[PDB]
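Take a look at the structure below.
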Amino acid sequence: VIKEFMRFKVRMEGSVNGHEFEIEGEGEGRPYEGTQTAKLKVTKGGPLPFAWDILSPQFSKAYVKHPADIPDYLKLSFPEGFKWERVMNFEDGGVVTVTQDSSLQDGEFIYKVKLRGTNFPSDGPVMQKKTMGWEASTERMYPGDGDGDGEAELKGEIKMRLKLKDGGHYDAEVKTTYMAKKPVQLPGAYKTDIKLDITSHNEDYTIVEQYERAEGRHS
Ligand SMILES: [Ca+2]
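So in the numbering used here, spot 27 of the sequence shown is number 101, and the numbers just go up one at a time.
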């Protein structure tokens, strides 16, 4: 059901330091090649009073290129799909939590994202929009119980680095649990290299285009 070219649709509802917003978007890519693009539109609460960059990694792990010796747990979860839950802890105290549901309907992926950002300094780079994109990342993937029910799924850990407009970097420690909606064979531990680029945007970031490339590899 996962073809060499696949489209997706995404909707995010969230709040950051109490500012509520909604975003709708669409994307496409080549799931076995590790490449994908997305176009997002702020449909409620725009223009956003905070950095787009804390949202961009929440908009698609079915599009990770896996070698044949790493079981592709998230591709194998379809057509039913999978869920993921994420916490990002930023170096100045900010917190982002995310829940996500991924399904396959009428030949396209459907992504539903809920996000809450809290504990951000009012004068920090996120609330003042002083960031300018993520450095490339390596996510460490391993089997483990991430939702506390005693049963293993797939976990990921990342140290992410956000570029600052004034120079230097703003770090986040990220933990994600990925849960197939049906029993799927789990891989052993491995690593995924990821780069997410903002490829275009309008003046107030109410329309944004993104490109991501991702590939798994042995440790
Ligand atoms: Ca579990």
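For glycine and all other residues, C-beta sits at the position ideal for the given N, C-alpha and C.
Who are the Cβ neighbours of residue i in its own chain at under 6 Å, not counting the five residues just before and after it?
{"i": "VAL172", "result": "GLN132, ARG160, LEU189"}
{"i": "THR109", "result": "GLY103, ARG287"}
{"i": "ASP278", "result": "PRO121"}
{"i": "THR280", "result": "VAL116, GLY120, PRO121"}
{"i": "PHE194", "result": "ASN91, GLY168, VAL200, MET201"}
{"i": "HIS93", "result": "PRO123"}
{"i": "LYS269", "result": "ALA210, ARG287"}
{"i": "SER177", "result": "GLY155, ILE184"}
{"i": "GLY181", "result": "none"}
{"i": "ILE144", "result": "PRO261, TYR264, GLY290"}
{"i": "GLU165", "result": "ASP245"}
{"i": "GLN259", "result": "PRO145"}
Along the alpha helix (DSSP H) that carries residue i, what are the first and last residues, could you check?
{"i": "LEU150", "result": "147 to 150"}
Within 10 angstroms of its Cβ, does residue i collect 16 or more other Cβ (buried), or is it exposed?
{"i": "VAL187", "result": "buried"}
{"i": "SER274", "result": "exposed"}
{"i": "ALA125", "result": "buried"}
{"i": "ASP127", "result": "buried"}
{"i": "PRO153", "result": "exposed"}
{"i": "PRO141", "result": "exposed"}
{"i": "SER134", "result": "buried"}
{"i": "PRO105", "result": "buried"}
{"i": "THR192", "result": "exposed"}
{"i": "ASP146", "result": "buried"}
{"i": "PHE82", "result": "buried"}
{"i": "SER151", "result": "buried"}
{"i": "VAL282", "result": "buried"}
Less than 6 Å between the CB of residue i and some heavy atom of ligand 1, yes or no?
{"i": "residue 327", "result": "The structure shown does not extend to residue 327, since the chain spans only 75 to 293, so no value can be given for it."}
{"i": "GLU225", "result": "yes"}
{"i": "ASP221", "result": "yes"}
Taking the beta strand (DSSP E) that residue i belongs to, which residues open and close that run?
{"i": "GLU286", "result": "281 to 291"}
{"i": "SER274", "result": "264 to 275"}
{"i": "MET201", "result": "Careful: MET201 lies outside any beta strand (DSSP E) and carries neither H nor E."}
{"i": "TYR252", "result": "243 to 254"}
{"i": "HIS93", "result": "93 to 104"}
{"i": "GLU87", "result": "80 to 90"}
{"i": "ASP175", "result": "169 to 179"}
{"i": "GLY120", "result": "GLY120 -> no beta strand (DSSP E), and no H or E assigned at all."}
{"i": "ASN193", "result": "Where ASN193 is concerned, there is no enclosing beta strand (DSSP E), given that its DSSP letter is neither H nor E."}
{"i": "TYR216", "result": "211 to 218"}
{"i": "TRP158", "result": "156 to 164"}
{"i": "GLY230", "result": "227 to 238"}
Under 7 Å Cβ to Cβ from residue i, same chain only, skipping five residues before and after it: list those, please.
{"i": "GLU247", "result": "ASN163, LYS233"}
{"i": "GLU87", "result": "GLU96, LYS188"}
{"i": "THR251", "result": "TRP158, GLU159, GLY220, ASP221, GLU227, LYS229"}
{"i": "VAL138", "result": "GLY108, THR266, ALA288, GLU289, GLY290"}
Under 8 Å Cβ to Cβ from residue i, same chain only, skipping five residues before and after it: list those, please.
{"i": "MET215", "result": "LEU228, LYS229, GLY230, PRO261, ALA263, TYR264, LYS265, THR266, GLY290"}
{"i": "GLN174", "result": "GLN132, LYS157, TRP158, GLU159, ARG160, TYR185, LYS186, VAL187, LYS188"}
{"i": "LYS239", "result": "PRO199, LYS204, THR205, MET206"}
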